[PDB]
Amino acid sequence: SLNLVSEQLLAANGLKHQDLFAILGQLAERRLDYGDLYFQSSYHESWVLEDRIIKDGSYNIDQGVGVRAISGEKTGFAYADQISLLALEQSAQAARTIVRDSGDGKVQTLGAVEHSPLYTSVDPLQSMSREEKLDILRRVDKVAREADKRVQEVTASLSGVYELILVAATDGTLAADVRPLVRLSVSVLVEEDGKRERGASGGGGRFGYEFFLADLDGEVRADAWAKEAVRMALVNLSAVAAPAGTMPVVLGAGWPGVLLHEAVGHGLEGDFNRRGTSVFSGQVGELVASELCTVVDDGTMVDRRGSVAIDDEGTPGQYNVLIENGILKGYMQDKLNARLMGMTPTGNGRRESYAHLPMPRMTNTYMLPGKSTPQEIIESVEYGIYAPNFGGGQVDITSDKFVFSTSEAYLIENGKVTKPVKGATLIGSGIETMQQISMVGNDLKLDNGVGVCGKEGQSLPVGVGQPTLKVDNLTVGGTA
């Protein structure tokens, strides 16, 4: 696989292994802990159905090299939108200026090692015919419109990416990945008596578009998701004012795992903890969540959107237990922060592209299942909210305040789910909210393949998950 990627990224651009040696040597003229060369090429396609027609399509290409020079806290970085010897030389000569002092020049010999394959190397853009791709969108349109007469508009989009990466470093790392990513997105508008609402569904992962035609609980996945978007739109159309204030909230399984992404996940990224700016800094071994809570970041999940066969530093993805039975175990790392903390890489060194710096980032972040049934959880609430779906969230990792906003929610009254309620932003303190988790369900699932995470302006594909769970007290941003 490294051989195949090397042929496309190096040989095809007039580069050999010995050029990697030369360029790393240019970096190592300076007094550095580490330097790396990051090569990338990618292809993105999209198709969009709207107004019952194939309205739009795009094809986008990028390629480039990024070069870093690191000394302690410091990074010098330059990059170019081309893969060539001259681009590499120019980028190295700029990056290394981070330190004036000469180094000993003693790099480690480049040597690749095997890692577990997590996803195909088959290019998703070429593996299905154009008309077969467009037929997925046509089927979504037909099914959504047939699902309810109130459906007036359907926008359905297919996106696919095929990405090659290769990384070479002064510590001897030589590693490559072949990364497919597909997503089907559906949005519907419903109208009744002049009132309108919208609903959405979709997902995907690291494989070809055939996934969208495969079986999901006895139906074609694309059909199921078309129907889900309509169902969501109709629930919203019927929704009444949400209540305001502090109350019990039961969160559904899957994407409501945004809770974990915001309440602990960023707060456990090693850059914030190394600097001491996270609320979690210095807290390893302390209770940061209820004893019912084990939270992992897992880059090893076959075929998943959030997984990393290797991270962008060449570290194979790992199953990292962050919190175990409420107790903080450790932090997600990149090479830089791991060194400064006296720790080891974890497989969390991610960058949006060759044109951006890596940092510690999430992969698939989820809570392990517990002993309660979802029914037992709902029945425990006299008055509160049940929220099976969310939009996004946000976190201030210093003050430990986070939010996440519902996309489908209901009252619970006397242990039963009742009236649908309008979207509300929920707010809490991360640690305190995790400590309020009093019941954990036996129904873990991850999201369908929809997560995008933003940090320092860099967007990445991620996963979240959890079982159904109960937070005893959470502030609900309703009006009623």
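One-based numbering along the sequence shown.
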Can you tell me whether 412-420 has a higher mean C-alpha B factor than 443-451 in this record, or the other way round? 412-420
Going by the B-factors listed in the PDB entry, is the mean over the C-alpha atoms higher for 151-159 or for 277-285? 277-285
Quiz for you: based on the deposited Cα B-factor, which of 303, 262, 379, 298 is highest? 379
Just grab whichever of 398, 109, 394, 333 has the top CA B-factor as deposited. 109
Going by the CA temperature factor in the PDB record, which third of the chain does residue 463 belong to: lowest, middle or highest? lowest
Which third, lowest, middle or highest, does the C-alpha temperature factor of residue 38 belong to within its own chain? lowest
Chain thirds of CA B-factor: placement of residue 61: highest
When the modelled residues of the chain are sorted by Cα temperature factor, does residue 390 land in the lowest, middle or highest third? middle
Against its chain's modelled residues, does residue 322's Cα B factor rank lowest, middle or highest third? middle
